[PDB]
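Architecture at a glance
Residues per chain are reported as follows:
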Amino acid sequence: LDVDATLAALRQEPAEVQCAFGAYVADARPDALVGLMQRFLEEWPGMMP
Amino acid sequence: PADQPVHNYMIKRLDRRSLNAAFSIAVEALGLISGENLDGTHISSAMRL
Amino acid sequence: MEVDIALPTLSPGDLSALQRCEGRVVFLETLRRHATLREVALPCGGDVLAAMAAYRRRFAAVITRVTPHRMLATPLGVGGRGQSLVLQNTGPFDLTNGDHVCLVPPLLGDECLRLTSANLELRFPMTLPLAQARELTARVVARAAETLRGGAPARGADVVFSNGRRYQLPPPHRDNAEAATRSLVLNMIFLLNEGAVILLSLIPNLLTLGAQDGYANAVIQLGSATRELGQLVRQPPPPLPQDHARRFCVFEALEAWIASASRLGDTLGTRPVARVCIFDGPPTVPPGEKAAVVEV
Amino acid sequence: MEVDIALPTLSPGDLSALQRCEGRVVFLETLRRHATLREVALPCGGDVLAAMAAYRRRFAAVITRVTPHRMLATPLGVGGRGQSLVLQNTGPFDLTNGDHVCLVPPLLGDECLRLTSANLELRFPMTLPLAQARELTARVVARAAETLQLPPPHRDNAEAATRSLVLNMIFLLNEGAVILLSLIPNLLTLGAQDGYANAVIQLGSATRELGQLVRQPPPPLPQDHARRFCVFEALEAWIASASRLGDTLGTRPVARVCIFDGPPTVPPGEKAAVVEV
């Protein structure tokens, strides 16, 4: 389970973000699961170039 | 194309080793050969020999 | 450093024609004291851009006297003290005394030796004074461009003077002028448009300044010291994640444009190869007649 | 003429290293017959753009012999074009027969015959073929334009490079140039029926991204579209500019390689004959 070396050596490339829908979570707020899904689906492509 | 006659000068170094052996002779013989403890007994000269 | 060329014996009659080209230039490959005629040969119907690019990776050399056995050449690049030598002018118009010659492919209608006995062809590049050549290239390219957009196909002003006489600039369909020059006009017009687009993309508000008081002021300020009107180049918008099918990084495009423009500028000649220093002769050599020259 | 470079007293630890620099080039400032070593010397590596801008202001000189007192040189081009000499290559790419060579400042540094006794260091420029020196200059100047194995710029001279570039580009815009600018779609449509026509256009072409996004109207007839014609003038101007765009950012090719007998391609670190231009 030795990843600290792997990560500490792999981050030499500055950055690149292909997509973000696959590695991001979020804490919802109240008033959920009827219009909340609507607020989600409206910008679903906004996460996937 | 044509080629010219090429030369080359090179030198090479030596390698240096050693050798050794062991010849430890006793103390009684050391004494008796020198005769420092040789007493004029007909039995001592035999030990010298 | 004079090279000779083995000559695979052809025939009578044709060898006279080979003797007539005792003054032109030929592009060798490497400086060896021997070479076969099969080596210095080019399909006389060829692409002008590629030939003009290849003229750099070779050496110029002029054909001195020829014999049924061999023919002698003298390279121009390397040399000692720049000795004199004779040259047969073969451009479309004459060249005066005291100027510089340049080597361009047969841009207009072509002439090429067809040595039917040996089954090979030869191209002998034109010999033009510097400025007249730099303008003739633009002439042919601009005519092709005007034709491209299907506009008014003629304007009666595709003519070039040289020492009085008017030259006609033969019609652009004779040998393959509609095919062996397409490459050049495409590769030039495209780069010009790309440079313009890149500039306008870096400075979006250039063509919305004062018609006579803003643009001139911007140019004069840019030519002068570091004011630069701030970042006269506004910060371009941020690009896409380089996998989106519509990514456009302007600066890499500028990089590619710089590279391609430099390369195209170098593969155009316009760097003199010789200079006419005629002496004891008629001061103006007409086409087809030899002319004393000293290499530069 | 033979430039004579005098030497101070040197330790045998570095004289023998200087002996190995028999085919590299140095940059004097004035062409007197004599000159001390201390004069011809550049500081340690920094700002490859500034250095490349400095090579234009001085004429080169290659050295031939290194004696315990004296070190000769040869002013490269001041009046000659056929003084066949030899200079060793120190650039990564191996230069082949036929093509010219251009001097370029070194990258990453690390090429400094640091002489301790004399308390100075030299940085001999590397030698690259033209085709790749152009591309390197392109990359560096573009990177300088980005800031409004790789060292960062300095923001004090990068602006000068940007200024030169933007001037050489601005003066391409002519009332004839717009006429050419009008046929971008007529060019793209031509780059479809044939193969070569499409081949000449690049991939990130920075123009195909435009011809498929913006329509432009017929051009306004310029003043006196009967007497003169503008496309010709704009094209002549563009030829005149592009013929001298490469050198104005980098350096003119200084010599072309000619070899009479040896193998054509010469590898890095090996001397090869040459003639200057």
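Structure determination for this entry is recorded as cryo-EM, at 4.43 Å resolution.

Some details on the packing of helix α4 (residues 182-202) of chain C against helix α6 (residues 250-266) of chain C
Residues and elements named next belong to chain C. Contact geometry of α4 with α6 gives a least axis separation of 10 Å together with a crossing angle of 145 degrees. Taken as a pair, α4 and α6 cross one another with a handedness that is left-handed. Contacts between α4 and α6 pair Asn187, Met188, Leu191, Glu194, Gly195, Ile198, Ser201 and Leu202 from the former with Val250, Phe251, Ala253, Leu254, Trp257, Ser260, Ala261 and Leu264 from the latter. Split by residue class, the contact of α4 with α6 holds 11 nonpolar, 4 polar and 1 charged.

Focus on the sheet that holds strand β1 (residues 3-6) of chain C
Two strands in a sheet stick together by hydrogen bonds in their backbones, pointing the same way (parallel) or opposite ways (antiparallel). All names here are of chain C. Sheet architecture is open: 5 strands sit in the order β2-β4-β5-β1-β3, paired in mixed fashion. What marks the edges here is a single partner per strand, and that holds for β2 (25-28) and β3 (34-36). Between one strand and the next, the sheet's axes are offset by a mean angle of 40 degrees, whatever the strand orientation. Alignment of β2 against strand β4 (residues 59-66), held across 4 bridges, turns out to be antiparallel. The residue of β4 that forms the bridge with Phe27 is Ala60.

Focus: the sheet that holds strand β7 (residues 85-88) of chain D
Residue and element names in this part refer to chain D. With respect to topology, 5 strands assemble into an open sheet ordered β7-β11-β10-β8-β9, the strand pairing being antiparallel. The sheet is open, and its two borders are formed by β7 and β9 (126-129), each paired with just one other strand. Sheet analysis places strand β10 (residues 255-256) next to strand β11 (residues 271-276), joined by 2 bridges and oriented antiparallel. Bridge assignment links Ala255 to a residue of β11, and that residue is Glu276. Packed onto the sheet, helix α3 (residues 130-146) meets β8 (100-104) and β9 and runs at close to 105 degrees relative to β9.

Concerning the pairing of strand β10 (residues 126-129) of chain C
Residue and element names in this part refer to chain C. Residues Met126 and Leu128 line one face of β10 and the alternating positions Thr127 and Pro129 line the opposite face, and both faces are buried. Bridge count between strand β7 (residues 100-104) and β10: 4 bridges; the pairing is antiparallel. Bridge assignment links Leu103 to a residue of β10, and that residue is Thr127.

Section: a nonpolar patch on the surface
Judged by side-chain polarity, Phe21, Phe40, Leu41, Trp44 and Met48 of chain A come together as a nonpolar surface patch covering roughly 440 Å² of accessible area. Residue position: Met48 of chain A is located in the segment after α2 (36-42).

Things to note about the environment of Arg20 of chain D
Residue and element names in this part refer to chain D. Residue placement: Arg20 occurs in the loop between α1 (12-19) and β2 (25-27). Owing to a relative accessible area of 66%, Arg20 belongs among the exposed residues under this scheme. Measuring from C-alpha to C-alpha, the distance between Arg20 and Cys112 comes to 13 Å, with 92 residues separating the pair along the chain.

Observations concerning the nonpolar core
Ranked by size, the top nonpolar core spans 65 residues in total, and within it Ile203, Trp257 and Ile258 of chain C together with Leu235 and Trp238 of chain D carry the most contacts. Once residues within four sequence positions are removed from consideration, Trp257 of chain C is found in contact with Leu191, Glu194 and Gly195 of chain C together with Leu165, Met169, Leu172 and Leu245 of chain D. In this structure, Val3, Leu28, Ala61 and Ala118 of chain C belong to the second largest nonpolar core, which totals 23 residues.

What counts and how
- Residues numbered from 1 in each chain as written, not as in the entry; some residues may be left out.
- Chains lettered and ligands numbered in written order.
- Part of a larger assembly, values for the part shown.
- Heavy atoms only, no water.
- Axes fitted to C-alpha atoms, helices over the stretch in contact; angles between N-to-C directions.
- Helix = DSSP H or I, 4+ residues; strand = E, 2+ residues; numbered from the N terminus.
- Left-handed = near helix turned anticlockwise from the far one by under 90°.
- Contact = heavy atoms within 4.5 Å.
- Nonpolar A, V, L, I, M, F, W, Y, C, P; charged D, E, K, R; others polar.
- Pairing = 2+ DSSP bridges.
- Buried < 20%, exposed > 50% of the residue type's maximum accessible area, 1.4 Å probe, protein only.
- Patch = residues over 30% accessible without salt bridge, like charges linked within 9 Å, V, L, I, M, F, W, Y side chains within 5 Å.
- Areas by Shrake-Rupley, 256 points an atom, 1.4 Å probe, with all protein chains shown as cover.
- Salt bridge = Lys/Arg side-chain N within 4 Å of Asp/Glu carboxyl O.
- Core = buried A, V, L, I, M, F, W, Y, C linked by side-chain atoms within 4.5 Å.

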